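One structure is given below, encoded as structure tokens.
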Amino acid sequence: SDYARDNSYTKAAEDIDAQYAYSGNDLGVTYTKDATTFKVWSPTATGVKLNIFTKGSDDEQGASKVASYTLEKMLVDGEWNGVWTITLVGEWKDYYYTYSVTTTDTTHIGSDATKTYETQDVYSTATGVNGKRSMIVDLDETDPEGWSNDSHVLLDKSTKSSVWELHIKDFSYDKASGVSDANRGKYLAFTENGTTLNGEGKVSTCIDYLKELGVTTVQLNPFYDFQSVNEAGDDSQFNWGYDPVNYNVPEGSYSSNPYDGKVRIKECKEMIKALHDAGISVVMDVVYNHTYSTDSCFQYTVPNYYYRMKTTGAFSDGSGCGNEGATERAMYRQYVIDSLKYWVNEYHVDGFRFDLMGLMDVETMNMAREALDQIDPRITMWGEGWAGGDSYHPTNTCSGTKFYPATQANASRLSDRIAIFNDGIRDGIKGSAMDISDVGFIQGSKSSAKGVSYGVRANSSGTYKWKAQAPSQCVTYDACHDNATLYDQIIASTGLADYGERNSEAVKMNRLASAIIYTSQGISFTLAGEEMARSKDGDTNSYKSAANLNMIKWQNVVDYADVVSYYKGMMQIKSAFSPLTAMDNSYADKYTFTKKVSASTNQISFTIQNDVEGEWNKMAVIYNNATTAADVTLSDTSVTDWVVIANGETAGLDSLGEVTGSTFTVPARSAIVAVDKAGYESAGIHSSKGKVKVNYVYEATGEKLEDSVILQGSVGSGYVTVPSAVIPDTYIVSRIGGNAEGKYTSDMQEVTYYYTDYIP
Ligand SMILES: OC[C@H]1O[C@H](O[C@H]2[C@H](O)[C@@H](O)[C@@H](O[C@H]3[C@H](O)[C@@H](O)[C@@H](O[C@H]4[C@H](O)[C@@H](O)[C@@H](O[C@H]5[C@H](O)[C@@H](O)[C@@H](O)O[C@@H]5CO)O[C@@H]4CO)O[C@@H]3CO)O[C@@H]2CO)[C@H](O)[C@@H](O)[C@@H]1O
Ligand SMILES: [Ca+2]
């Protein structure tokens with residue numbers, strides 16, 4: 001819950017805002033060749049001392065204290081504006097610095113109740129190792145080659161996105177990634193083109209893999225500077241990084257050199273440029289809701305101002321991490337908005353994911369949306385519309401408006417282009433994220449059907465659990481970095497196999513999840529590697545678990561190539577059919593559900609009427625979670641000539657067969673997507689991908705030992721097939737027909753694994 005409570009701390013902070021709020025835009029360092037100016041906002045301080053150093057830490061060669069200087073109160077018409085300033089004449093680039101701040105707290109201003117704290121700059125743009133000393137940098141020197149020609153990659157519509165949620169270490173830490181020794185688990189991994197599995201040259205990994213998969217967007221887990229990895233320590237350390245230290249400095253551990261402050265800036269920019277060169281939008285995970293500790297640059301500069309304080313003097317702990325940032329305060333609001341603008345402008349970031357956005361006030365969020373709109377309204381914003389504990393806040397903001405938290409409950413007060421994670425469809429698809437053993441729709445829960453069905457229109461049509469204003473305000477997903485991976489929950493909730501073990505029924509459920517995500521409105525989102533059955537060995541909170549547990553297992557692009565192909569195809573379907581990628585509510589009344597949206601059912605079906613010329617006229621979608629094939633008759637009989645474009649085997653833009661009438665046979669634990677024949681013919685939307693069909697046959701009888709699968713990819717790109725992992729160990733491959741490995745062609749190729757009797 002959140003609580004409106006006014007106290008001595010909130011009153012003091014409000015009075016500080018009225019007298020001392022500063023909008024000068026020049027806090028921190030203003031560098032030029034001829035002089036550097038330093039500015040610190042601290043109304044509570046009795047003095048601020050600047051300390052210059054040759055190095056970011058004392059252990060480095062050439063490390064020494066240069067000198068210290070007294071900052072002076074900044075006067076405007078002889079009135080103090082709360083700012084401290086000094087200008088050092090000459091060339092000061094590449095020196096390091098801290099401030100020594102002698103200060104009261106917010107409730108004892110003018111008293112002699114002072115303490116002195118040493119801290120890095122609140123407005124640091126660079127630091128040395130482990131973020132303890134700021135660095136004076138010419139940011140133009142940190143620009144990689146071609147950076148001036150690097151542009152934002154922005155989606156016309158947020159709802160046309162396909163988001164891959166990725167940790168920078170996870171991306172390439174696996175030696176099988178084919179990334180060079182130097183760059184594995186680093187920013188620079190993204191700059192390596194032509195990477196293949198085990199560097200064997202047969203099938204793409206990393207950035208080339210992402211190009212082939214066709215994701216629009218990569219959302220990167222924390223790459224601001226966090227506390228929880230020792231940047232001078234072992235390469236085997238792992239943390240998600242939800243432990244902020246410096247908001248406007250890149251994390252050191254993902255760089256080749258954290259000791260020189262400029263290197264991580266250059267390399268972070270190189271990562272972003274490489275994603276842009278691949279045609280991929282970059283979204284940044286940001287965590288303004290809390291800092292690692294209250295022994296922070298914020299608390300050491302203006303004690304008790306930047307955090308929400310309870311009447312009893314305790315820090316409000318709405319984050320569950322010990323503190324919460326006071327977004328309702330004039331100078332934290334300004335800090336956050338200025339920070340967002342900085343990452344967009346300086347680093348070419350294309351959008352943001354707000355950690356525990358429910359701890360941020362609606363007015364601040366809306367003002368941030370308006371700020372980013374002035375750059376480009378296609379810059380994306382979304383976040384978690386919840387908190388991690390009870391939140392204590394003042395009644396009103398620094399603007400004098402009533403405080404509202406940016407939660408699901410308050411979606412109507414928030415901009416429709418600040419989207420909110422839809423836990424409705426997430427839990428509906430695969431079961432409660434809070435319990436890995438819990439079943440959702442794909443595993444056979446009939447009561448979960450309503451979660452899926454509301455999810456289909458991005459929880460914007462009617463009300464189940466919460467209501468989005470529009471599809472633009474909804475992130476559609478079945479899993480993220482938190483809790484269990486999709487495939488781990490499937491395995492745990494069914495007992496079908498061990499974690500990370502292929503099972504044919506588990507894989508069917510995984511394909512069905514794919515069909516649902518890409519036939520639902522809202523912003524389609526996946527954990528990186530969901531498309532290849534990513535496992536964390538059942539770990540439901542992997543934030544500091546082993547690097548090799550967390551890392552993407554690149555062998556899975558082969559072991560689950562068929563599943564990758566299914567996702568690849570479903571993505572094509574969504575991007576081809578306008579109703580699915582609508583921002584607004586235009587298409588809400590164009591859906592005809594066969595059963596009530598609320599129905600307890602094994603078969604969900606609906607049609608969608610389109611109005612875009614040159615596209616399919618109508619789509620039929622069926623989800624079957626039964627363990628048997630079902631005959632499903634649509635209530636909408638307006639179309640009786642259909643072309644199937646997704647089934648239990650494959651998804652894409654090509655005809656998989658036709659259906660006359662209103663009844664479809666839907667295999668167990670599978671989806672059907674069909675479109676009107678007339679529209680299919682007229683639109684001329686067709687696949688340019690090639691296919692490989694993989695068969696598994698008992699040589700002696702000619703009978704299949706396992707269902708055939710379909711691989712699908714760009715013509716001329718490399719594929720690798722393998723024997724079926726689920727065939728009993730009492731059969732072994734004796735012969736292969738066709739090419740187990742090769743390049744896709746337009747005409748479908750077939751590979752048959754022939755099996756003989758064996759004892760293991
Ligand atoms: O600080 C404690 C906590 O922090 C982190 O948890 C985060 C979660 O991992 C993350 O998923 C997110 O949690 C959200 C959740 O996703 C969202 O769905 C909503 O949760 C609801 C449930 O949907 C609802 O079922 C009910 O949950 C019950 C649960 O069913 C029952 O089995 C039992 O465990 O009690 C639960 C709570 O009563 O209610 C919850 C809460 O309303 O909201 C959640 C946020 O509150 O964000 C979490 C916070 O960052 C860590 O990962 C975790 O290890 C720590 O324990
Ligand atoms: Ca760090």
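In the structure tokens, each chain is lettered A, B, ... as it comes, each chain's residues begin at 1, and ligands are numbered from 1 in order of appearance.
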Surroundings of ligand 2 up to 10 Å, based on only C-alpha atoms and all ligand atoms, as a PDB file with N, CA, C and O atoms, in the first residue's frame:
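Once everything was written out, this is pocket-v7.pdb:
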```
ATOM      1  N   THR A 127      33.325   8.252 -13.996  1.00  0.00           N
ATOM      2  CA  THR A 127      34.019   7.899 -12.763  1.00  0.00           C
ATOM      3  C   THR A 127      35.164   6.937 -13.076  1.00  0.00           C
ATOM      4  O   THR A 127      35.202   6.326 -14.148  1.00  0.00           O
ATOM      5  N   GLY A 128      36.074   6.802 -12.108  1.00  0.00           N
ATOM      6  CA  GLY A 128      37.062   5.754 -12.098  1.00  0.00           C
ATOM      7  C   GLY A 128      36.463   4.448 -11.611  1.00  0.00           C
ATOM      8  O   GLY A 128      35.245   4.253 -11.654  1.00  0.00           O
ATOM      9  N   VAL A 129      37.332   3.555 -11.133  1.00  0.00           N
ATOM     10  CA  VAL A 129      36.938   2.204 -10.762  1.00  0.00           C
ATOM     11  C   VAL A 129      35.992   2.264  -9.552  1.00  0.00           C
ATOM     12  O   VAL A 129      36.224   3.014  -8.593  1.00  0.00           O
ATOM     13  N   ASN A 130      34.892   1.508  -9.654  1.00  0.00           N
ATOM     14  CA  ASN A 130      33.890   1.304  -8.595  1.00  0.00           C
ATOM     15  C   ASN A 130      33.225   2.628  -8.175  1.00  0.00           C
ATOM     16  O   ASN A 130      32.707   2.727  -7.070  1.00  0.00           O
ATOM     17  N   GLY A 131      33.221   3.625  -9.069  1.00  0.00           N
ATOM     18  CA  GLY A 131      32.318   4.785  -9.015  1.00  0.00           C
ATOM     19  C   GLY A 131      32.540   5.722  -7.832  1.00  0.00           C
ATOM     20  O   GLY A 131      31.620   6.452  -7.463  1.00  0.00           O
ATOM     21  N   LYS A 132      33.750   5.730  -7.257  1.00  0.00           N
ATOM     22  CA  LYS A 132      34.009   6.465  -5.996  1.00  0.00           C
ATOM     23  C   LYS A 132      34.557   7.873  -6.266  1.00  0.00           C
ATOM     24  O   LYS A 132      34.381   8.763  -5.429  1.00  0.00           O
ATOM     25  N   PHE A 223      22.754  -0.896 -17.168  1.00  0.00           N
ATOM     26  CA  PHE A 223      24.110  -0.548 -17.611  1.00  0.00           C
ATOM     27  C   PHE A 223      24.475   0.888 -17.200  1.00  0.00           C
ATOM     28  O   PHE A 223      25.507   1.392 -17.621  1.00  0.00           O
ATOM     29  N   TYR A 224      23.650   1.532 -16.364  1.00  0.00           N
ATOM     30  CA  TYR A 224      24.142   2.612 -15.484  1.00  0.00           C
ATOM     31  C   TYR A 224      25.095   1.958 -14.473  1.00  0.00           C
ATOM     32  O   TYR A 224      25.151   0.728 -14.394  1.00  0.00           O
ATOM     33  N   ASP A 225      25.802   2.766 -13.675  1.00  0.00           N
ATOM     34  CA  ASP A 225      26.806   2.237 -12.741  1.00  0.00           C
ATOM     35  C   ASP A 225      26.129   1.755 -11.450  1.00  0.00           C
ATOM     36  O   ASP A 225      25.533   2.550 -10.719  1.00  0.00           O
ATOM     37  N   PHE A 226      26.270   0.453 -11.166  1.00  0.00           N
ATOM     38  CA  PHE A 226      25.725  -0.190  -9.965  1.00  0.00           C
ATOM     39  C   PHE A 226      26.874  -0.685  -9.069  1.00  0.00           C
ATOM     40  O   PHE A 226      28.048  -0.668  -9.467  1.00  0.00           O
ATOM     41  N   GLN A 227      26.518  -1.128  -7.857  1.00  0.00           N
ATOM     42  CA  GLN A 227      27.464  -1.380  -6.752  1.00  0.00           C
ATOM     43  C   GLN A 227      27.985  -2.825  -6.763  1.00  0.00           C
ATOM     44  O   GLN A 227      29.129  -3.077  -6.383  1.00  0.00           O
ATOM     45  N   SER A 228      27.129  -3.760  -7.191  1.00  0.00           N
ATOM     46  CA  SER A 228      27.164  -5.168  -6.769  1.00  0.00           C
ATOM     47  C   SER A 228      28.169  -6.034  -7.552  1.00  0.00           C
ATOM     48  O   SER A 228      28.247  -7.236  -7.296  1.00  0.00           O
ATOM     49  N   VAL A 229      28.933  -5.457  -8.484  1.00  0.00           N
ATOM     50  CA  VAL A 229      30.096  -6.158  -9.053  1.00  0.00           C
ATOM     51  C   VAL A 229      31.364  -5.347  -8.745  1.00  0.00           C
ATOM     52  O   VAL A 229      31.421  -4.151  -9.023  1.00  0.00           O
ATOM     53  N   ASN A 230      32.375  -6.006  -8.165  1.00  0.00           N
ATOM     54  CA  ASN A 230      33.678  -5.388  -7.940  1.00  0.00           C
ATOM     55  C   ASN A 230      34.421  -5.329  -9.278  1.00  0.00           C
ATOM     56  O   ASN A 230      34.837  -6.358  -9.806  1.00  0.00           O
ATOM     57  N   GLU A 231      34.588  -4.112  -9.805  1.00  0.00           N
ATOM     58  CA  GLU A 231      35.116  -3.888 -11.148  1.00  0.00           C
ATOM     59  C   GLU A 231      36.628  -4.152 -11.187  1.00  0.00           C
ATOM     60  O   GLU A 231      37.202  -4.229 -12.263  1.00  0.00           O
ATOM     61  N   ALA A 232      37.257  -4.292 -10.014  1.00  0.00           N
ATOM     62  CA  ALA A 232      38.670  -4.666  -9.909  1.00  0.00           C
ATOM     63  C   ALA A 232      38.810  -6.161  -9.588  1.00  0.00           C
ATOM     64  O   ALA A 232      39.919  -6.630  -9.358  1.00  0.00           O
ATOM     65  N   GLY A 241      22.239  -5.906 -11.495  1.00  0.00           N
ATOM     66  CA  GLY A 241      22.700  -4.525 -11.344  1.00  0.00           C
ATOM     67  C   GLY A 241      21.617  -3.551 -10.893  1.00  0.00           C
ATOM     68  O   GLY A 241      21.744  -2.343 -11.149  1.00  0.00           O
ATOM     69  N   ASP A 243      21.166  -2.030  -8.298  1.00  0.00           N
ATOM     70  CA  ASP A 243      21.853  -1.493  -7.110  1.00  0.00           C
ATOM     71  C   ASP A 243      22.565  -0.196  -7.492  1.00  0.00           C
ATOM     72  O   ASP A 243      23.794  -0.166  -7.551  1.00  0.00           O
ATOM     73  N   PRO A 244      21.827   0.902  -7.790  1.00  0.00           N
ATOM     74  CA  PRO A 244      22.422   2.100  -8.390  1.00  0.00           C
ATOM     75  C   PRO A 244      23.388   2.887  -7.491  1.00  0.00           C
ATOM     76  O   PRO A 244      23.124   3.054  -6.295  1.00  0.00           O
ATOM     77  N   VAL A 245      24.479   3.364  -8.106  1.00  0.00           N
ATOM     78  CA  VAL A 245      25.521   4.193  -7.478  1.00  0.00           C
ATOM     79  C   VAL A 245      25.646   5.525  -8.239  1.00  0.00           C
ATOM     80  O   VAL A 245      25.646   6.595  -7.628  1.00  0.00           O
ATOM     81  N   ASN A 246      25.804   5.450  -9.567  1.00  0.00           N
ATOM     82  CA  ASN A 246      25.902   6.622 -10.436  1.00  0.00           C
ATOM     83  C   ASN A 246      24.950   6.443 -11.621  1.00  0.00           C
ATOM     84  O   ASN A 246      25.193   5.594 -12.484  1.00  0.00           O
ATOM     85  N   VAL A 249      26.445   7.453 -15.378  1.00  0.00           N
ATOM     86  CA  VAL A 249      27.724   6.840 -15.717  1.00  0.00           C
ATOM     87  C   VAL A 249      27.458   5.393 -16.119  1.00  0.00           C
ATOM     88  O   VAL A 249      26.677   4.714 -15.459  1.00  0.00           O
ATOM     89  N   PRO A 250      28.070   4.873 -17.209  1.00  0.00           N
ATOM     90  CA  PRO A 250      27.949   3.453 -17.538  1.00  0.00           C
ATOM     91  C   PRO A 250      28.619   2.552 -16.491  1.00  0.00           C
ATOM     92  O   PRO A 250      29.579   2.964 -15.832  1.00  0.00           O
ATOM     93  N   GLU A 251      28.107   1.325 -16.359  1.00  0.00           N
ATOM     94  CA  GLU A 251      28.704   0.304 -15.504  1.00  0.00           C
ATOM     95  C   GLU A 251      30.114  -0.019 -16.021  1.00  0.00           C
ATOM     96  O   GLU A 251      30.337  -0.150 -17.232  1.00  0.00           O
ATOM     97  N   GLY A 252      31.061  -0.135 -15.084  1.00  0.00           N
ATOM     98  CA  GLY A 252      32.459  -0.393 -15.395  1.00  0.00           C
ATOM     99  C   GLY A 252      32.741  -1.833 -15.807  1.00  0.00           C
ATOM    100  O   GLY A 252      33.578  -2.065 -16.673  1.00  0.00           O
ATOM    101  N   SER A 253      32.060  -2.805 -15.188  1.00  0.00           N
ATOM    102  CA  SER A 253      32.418  -4.229 -15.342  1.00  0.00           C
ATOM    103  C   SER A 253      32.199  -4.728 -16.778  1.00  0.00           C
ATOM    104  O   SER A 253      32.812  -5.723 -17.171  1.00  0.00           O
ATOM    105  N   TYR A 254      31.325  -4.062 -17.547  1.00  0.00           N
ATOM    106  CA  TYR A 254      31.055  -4.448 -18.936  1.00  0.00           C
ATOM    107  C   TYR A 254      32.074  -3.824 -19.904  1.00  0.00           C
ATOM    108  O   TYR A 254      32.033  -4.110 -21.097  1.00  0.00           O
ATOM    109  N   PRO A 258      37.849  -0.368 -16.488  1.00  0.00           N
ATOM    110  CA  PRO A 258      37.054   0.520 -15.642  1.00  0.00           C
ATOM    111  C   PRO A 258      37.862   1.637 -14.960  1.00  0.00           C
ATOM    112  O   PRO A 258      37.261   2.556 -14.416  1.00  0.00           O
TER     113      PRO A 258
END
```
*Skip residue A:413 itself and residues of its chain fewer than 5 positions away, then list as number ranges by chain all residues within 10 Å of it, counting only C-alpha atoms.*
A: 362-363, 366, 404-408, 469
Since we have the selection now, will you write its residues out, keeping N, CA, C and O atoms, as a compact mmCIF listing (two decimals), in the first residue's frame?
```txt
# COMPACT_ATOMS: atom_id res chain seq x y z
N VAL A 362 2.85 9.99 -10.67
CA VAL A 362 2.27 10.09 -12.01
C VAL A 362 2.68 11.40 -12.69
O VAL A 362 3.00 11.42 -13.88
N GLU A 363 2.65 12.50 -11.93
CA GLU A 363 2.96 13.81 -12.46
C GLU A 363 4.39 13.84 -13.02
O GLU A 363 4.60 14.34 -14.13
N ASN A 366 4.50 11.76 -16.26
CA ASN A 366 3.85 12.47 -17.37
C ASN A 366 4.75 13.61 -17.86
O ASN A 366 4.84 13.87 -19.06
N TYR A 404 -0.04 10.83 -6.79
CA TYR A 404 -0.53 9.51 -7.18
C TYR A 404 0.66 8.65 -7.60
O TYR A 404 1.49 9.10 -8.38
N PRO A 405 0.76 7.39 -7.12
CA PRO A 405 1.79 6.48 -7.60
C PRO A 405 1.42 5.97 -9.00
O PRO A 405 0.23 5.79 -9.30
N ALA A 406 2.43 5.74 -9.84
CA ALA A 406 2.23 5.29 -11.22
C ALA A 406 2.02 3.76 -11.27
O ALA A 406 2.82 3.01 -11.86
N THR A 407 0.91 3.32 -10.67
CA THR A 407 0.53 1.92 -10.56
C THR A 407 -0.54 1.58 -11.60
O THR A 407 -1.13 2.46 -12.21
N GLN A 408 -0.81 0.28 -11.76
CA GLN A 408 -1.87 -0.21 -12.65
C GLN A 408 -3.21 0.45 -12.31
O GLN A 408 -3.99 0.83 -13.20
N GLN A 469 -5.49 2.04 -20.74
CA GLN A 469 -6.23 3.03 -21.51
C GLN A 469 -6.38 2.59 -22.98
O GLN A 469 -7.39 2.89 -23.63
```
_Run DSSP on the backbone and tell me which residues of stretch 113-332 of chain A come out as strand (DSSP E or B); list them as an NGL selection string._
:A and (115-119 or 127 or 134-135 or 162-166 or 196 or 204 or 217-220 or 224-226 or 244-250 or 281-286 or 307 or 309 or 315 or 325)
Residues of the last selection are to be written out with N, CA, C and O atoms, as a compact mmCIF listing (two decimals), in the first residue's frame.
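Below is the file that was written, out-v7.txt:
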```txt
# COMPACT_ATOMS: atom_id res chain seq x y z
N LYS A 115 27.89 17.45 9.70
CA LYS A 115 28.86 16.39 9.47
C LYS A 115 29.46 16.61 8.07
O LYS A 115 28.82 17.25 7.23
N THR A 116 30.68 16.11 7.86
CA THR A 116 31.36 16.23 6.57
C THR A 116 31.45 14.85 5.92
O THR A 116 31.88 13.88 6.55
N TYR A 117 31.03 14.79 4.65
CA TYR A 117 30.99 13.56 3.86
C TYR A 117 31.80 13.76 2.58
O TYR A 117 31.67 14.79 1.93
N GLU A 118 32.62 12.76 2.21
CA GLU A 118 33.29 12.78 0.91
C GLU A 118 32.45 11.98 -0.08
O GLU A 118 32.01 10.87 0.23
N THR A 119 32.24 12.54 -1.28
CA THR A 119 31.36 11.91 -2.27
C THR A 119 31.78 12.27 -3.69
O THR A 119 32.34 13.34 -3.94
N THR A 127 33.32 8.25 -14.00
CA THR A 127 34.02 7.90 -12.76
C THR A 127 35.16 6.94 -13.08
O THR A 127 35.20 6.33 -14.15
N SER A 134 34.63 10.94 -9.35
CA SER A 134 34.21 11.48 -10.63
C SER A 134 35.44 11.81 -11.48
O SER A 134 36.55 11.97 -10.96
N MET A 135 35.23 11.89 -12.80
CA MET A 135 36.27 12.23 -13.77
C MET A 135 35.79 13.41 -14.63
O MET A 135 34.63 13.46 -15.03
N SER A 162 8.91 -5.78 -31.17
CA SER A 162 9.21 -7.08 -30.57
C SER A 162 10.47 -6.92 -29.71
O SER A 162 11.56 -6.72 -30.25
N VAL A 163 10.29 -7.00 -28.38
CA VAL A 163 11.30 -6.65 -27.39
C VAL A 163 11.98 -7.91 -26.86
O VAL A 163 11.32 -8.87 -26.46
N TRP A 164 13.32 -7.89 -26.86
CA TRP A 164 14.20 -8.94 -26.35
C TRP A 164 14.90 -8.41 -25.09
O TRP A 164 15.75 -7.52 -25.20
N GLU A 165 14.52 -8.90 -23.91
CA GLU A 165 15.09 -8.40 -22.65
C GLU A 165 16.40 -9.13 -22.34
O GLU A 165 16.40 -10.33 -22.06
N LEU A 166 17.51 -8.38 -22.33
CA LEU A 166 18.84 -8.95 -22.39
C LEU A 166 19.77 -8.32 -21.34
O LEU A 166 19.83 -7.10 -21.21
N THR A 196 29.48 -17.21 -34.96
CA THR A 196 28.78 -18.48 -35.15
C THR A 196 28.99 -19.36 -33.92
O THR A 196 29.89 -19.13 -33.11
N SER A 204 24.53 -18.79 -37.02
CA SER A 204 24.81 -17.47 -36.44
C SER A 204 24.44 -17.43 -34.96
O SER A 204 23.49 -18.09 -34.52
N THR A 217 13.71 -4.52 -31.07
CA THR A 217 14.14 -3.80 -29.89
C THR A 217 14.90 -4.73 -28.94
O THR A 217 14.47 -5.85 -28.69
N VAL A 218 16.01 -4.22 -28.39
CA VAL A 218 16.69 -4.89 -27.29
C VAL A 218 16.58 -3.98 -26.07
O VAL A 218 16.96 -2.81 -26.13
N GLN A 219 16.00 -4.52 -24.99
CA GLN A 219 15.97 -3.87 -23.69
C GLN A 219 17.12 -4.43 -22.86
O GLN A 219 17.19 -5.64 -22.63
N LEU A 220 18.02 -3.54 -22.43
CA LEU A 220 19.22 -3.92 -21.70
C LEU A 220 19.00 -3.74 -20.20
O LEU A 220 18.60 -2.66 -19.74
N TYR A 224 23.65 1.53 -16.36
CA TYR A 224 24.14 2.61 -15.48
C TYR A 224 25.09 1.96 -14.47
O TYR A 224 25.15 0.73 -14.39
N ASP A 225 25.80 2.77 -13.67
CA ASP A 225 26.81 2.24 -12.74
C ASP A 225 26.13 1.75 -11.45
O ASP A 225 25.53 2.55 -10.72
N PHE A 226 26.27 0.45 -11.17
CA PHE A 226 25.73 -0.19 -9.96
C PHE A 226 26.87 -0.68 -9.07
O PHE A 226 28.05 -0.67 -9.47
N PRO A 244 21.83 0.90 -7.79
CA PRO A 244 22.42 2.10 -8.39
C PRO A 244 23.39 2.89 -7.49
O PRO A 244 23.12 3.05 -6.29
N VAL A 245 24.48 3.36 -8.11
CA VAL A 245 25.52 4.19 -7.48
C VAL A 245 25.65 5.52 -8.24
O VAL A 245 25.65 6.59 -7.63
N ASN A 246 25.80 5.45 -9.57
CA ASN A 246 25.90 6.62 -10.44
C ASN A 246 24.95 6.44 -11.62
O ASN A 246 25.19 5.59 -12.48
N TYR A 247 23.90 7.27 -11.67
CA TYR A 247 22.80 7.11 -12.63
C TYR A 247 23.22 7.48 -14.06
O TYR A 247 22.64 6.95 -15.01
N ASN A 248 24.20 8.37 -14.22
CA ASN A 248 24.54 8.96 -15.53
C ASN A 248 25.94 8.54 -15.98
O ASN A 248 26.53 9.17 -16.87
N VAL A 249 26.45 7.45 -15.38
CA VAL A 249 27.72 6.84 -15.72
C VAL A 249 27.46 5.39 -16.12
O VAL A 249 26.68 4.71 -15.46
N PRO A 250 28.07 4.87 -17.21
CA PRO A 250 27.95 3.45 -17.54
C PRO A 250 28.62 2.55 -16.49
O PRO A 250 29.58 2.96 -15.83
N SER A 281 16.28 -0.98 -32.08
CA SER A 281 16.01 0.06 -31.10
C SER A 281 16.56 -0.39 -29.73
O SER A 281 16.47 -1.57 -29.37
N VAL A 282 17.12 0.57 -28.98
CA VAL A 282 17.77 0.30 -27.70
C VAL A 282 16.94 0.92 -26.57
O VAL A 282 16.79 2.15 -26.51
N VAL A 283 16.42 0.07 -25.68
CA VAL A 283 15.68 0.51 -24.50
C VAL A 283 16.52 0.22 -23.25
O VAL A 283 17.07 -0.86 -23.10
N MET A 284 16.57 1.21 -22.35
CA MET A 284 17.41 1.18 -21.16
C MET A 284 16.55 0.93 -19.91
O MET A 284 15.60 1.67 -19.63
N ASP A 285 16.93 -0.10 -19.16
CA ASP A 285 16.39 -0.39 -17.83
C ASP A 285 16.94 0.65 -16.84
O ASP A 285 18.15 0.72 -16.63
N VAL A 286 16.05 1.46 -16.25
CA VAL A 286 16.44 2.52 -15.31
C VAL A 286 15.72 2.29 -13.97
O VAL A 286 14.60 1.74 -13.93
N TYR A 307 15.26 11.14 -0.47
CA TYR A 307 14.56 9.90 -0.13
C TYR A 307 13.28 10.22 0.64
O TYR A 307 13.20 11.25 1.32
N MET A 309 10.87 9.93 3.59
CA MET A 309 11.11 9.77 5.02
C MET A 309 9.78 9.55 5.73
O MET A 309 8.80 10.24 5.45
N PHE A 315 13.74 5.56 6.74
CA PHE A 315 13.55 5.65 5.31
C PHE A 315 12.37 4.75 4.93
O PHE A 315 12.34 3.59 5.31
N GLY A 325 13.48 6.71 -3.79
CA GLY A 325 13.73 8.03 -4.33
C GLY A 325 12.46 8.86 -4.33
O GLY A 325 11.39 8.37 -4.70
```
_Just want the 8 Å neighbourhood of residue A:485, counted on only C-alpha atoms, with same-chain residues fewer than 3 positions away dropped. Output as a list in words._
residues 479, 480, 481, 488, 489, 527, 530, 534, 535, 536, 538 and 540 of chain A
Got time to write the residues from that selection, N, CA, C and O atoms, as a short mmCIF file (atom, residue, chain, number, x, y, z; two decimals), in the first residue's frame?
```cif
data_model
loop_
_atom_site.label_atom_id
_atom_site.label_comp_id
_atom_site.auth_asym_id
_atom_site.auth_seq_id
_atom_site.Cartn_x
_atom_site.Cartn_y
_atom_site.Cartn_z
N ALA A 479 6.96 -13.88 -19.68
CA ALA A 479 8.10 -13.99 -18.76
C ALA A 479 9.11 -12.86 -18.99
O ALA A 479 9.19 -12.28 -20.07
N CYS A 480 9.89 -12.56 -17.94
CA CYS A 480 10.99 -11.59 -17.97
C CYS A 480 12.13 -12.11 -17.09
O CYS A 480 12.11 -13.27 -16.69
N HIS A 481 13.12 -11.25 -16.78
CA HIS A 481 14.30 -11.66 -15.99
C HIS A 481 13.89 -12.13 -14.58
O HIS A 481 14.55 -13.00 -14.01
N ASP A 488 11.20 -23.00 -17.85
CA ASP A 488 11.40 -23.53 -16.51
C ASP A 488 10.04 -23.69 -15.80
O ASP A 488 9.84 -24.68 -15.09
N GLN A 489 9.11 -22.74 -15.98
CA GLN A 489 7.79 -22.83 -15.35
C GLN A 489 7.00 -23.98 -15.99
O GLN A 489 6.33 -24.74 -15.29
N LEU A 527 11.71 -12.44 -22.65
CA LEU A 527 13.05 -12.65 -22.12
C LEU A 527 13.94 -13.10 -23.28
O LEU A 527 13.53 -13.93 -24.09
N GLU A 530 13.80 -16.72 -24.87
CA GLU A 530 12.50 -17.41 -24.70
C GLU A 530 12.22 -18.26 -25.96
O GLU A 530 11.67 -19.35 -25.85
N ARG A 534 14.99 -21.01 -23.21
CA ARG A 534 15.99 -20.64 -22.23
C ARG A 534 15.59 -21.17 -20.85
O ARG A 534 14.43 -21.06 -20.44
N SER A 535 16.59 -21.72 -20.14
CA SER A 535 16.46 -22.22 -18.79
C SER A 535 17.49 -21.53 -17.89
O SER A 535 18.57 -21.16 -18.36
N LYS A 536 17.12 -21.36 -16.61
CA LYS A 536 18.04 -20.96 -15.55
C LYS A 536 18.13 -22.07 -14.49
O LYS A 536 18.31 -21.78 -13.31
N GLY A 538 15.90 -23.74 -13.15
CA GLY A 538 14.82 -23.60 -12.17
C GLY A 538 15.01 -22.45 -11.19
O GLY A 538 14.21 -22.30 -10.26
N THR A 540 14.58 -19.04 -9.64
CA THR A 540 13.43 -18.12 -9.74
C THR A 540 13.79 -16.71 -9.25
O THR A 540 12.92 -15.86 -9.13
#
```
